[PDB]
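In the deposited numbering, the protein residues as written are 1 to 33.
Think of the CB as a built atom: it goes at the ideal place given N, C-alpha and C, for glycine as much as any other residue.
Only one structure is covered here, and it is reproduced in the block below.
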Amino acid sequence: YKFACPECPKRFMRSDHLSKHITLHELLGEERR
């Protein structure tokens with residue numbers, strides 16, 4: 001953990017881990033759990 005998407009509360013280890021996930025997660029929002 002270190003970062004945090006502007007849309008979801010998901011905490012990733014690196015900013016890039018989100019940057020790629022945000023563009024898609026901000027669209028629909030695919031959550032693991």
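(request) Pull up the distance between the alpha-carbon of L28 and that of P9, whole angstroms please. (result) Roughly 15 Å separates the two Cα atoms.
(request) Using the Cα positions of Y1 and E26, report the straight-line distance between them to the nearest angstrom. (result) Straight-line Cα distance between these residues: approximately 19 Å.
(request) Report all residues from its chain with a CB closer than 8 Å to the CB of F3; omit the five preceding and five following residues, and keep chain order. (result) Within the same chain, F3 has close Cβ partners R11, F12, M13, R14, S15, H17 and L18.
(request) Could you name the residues of the same chain whose beta carbon sits closer than 6 Å to that of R33, not counting the 5 residues immediately before and after it, in chain order? (result) Scanning its chain for C-beta atoms nearer than 6 Å, with the 5 sequence neighbours on each side dropped, one finds no residue around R33.
(message) Report the CB separation of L24 from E30 in whole angstroms; it is logged as a contact under 8 Å.
(response) So it is a contact: roughly 7 Å between Cβ atoms.
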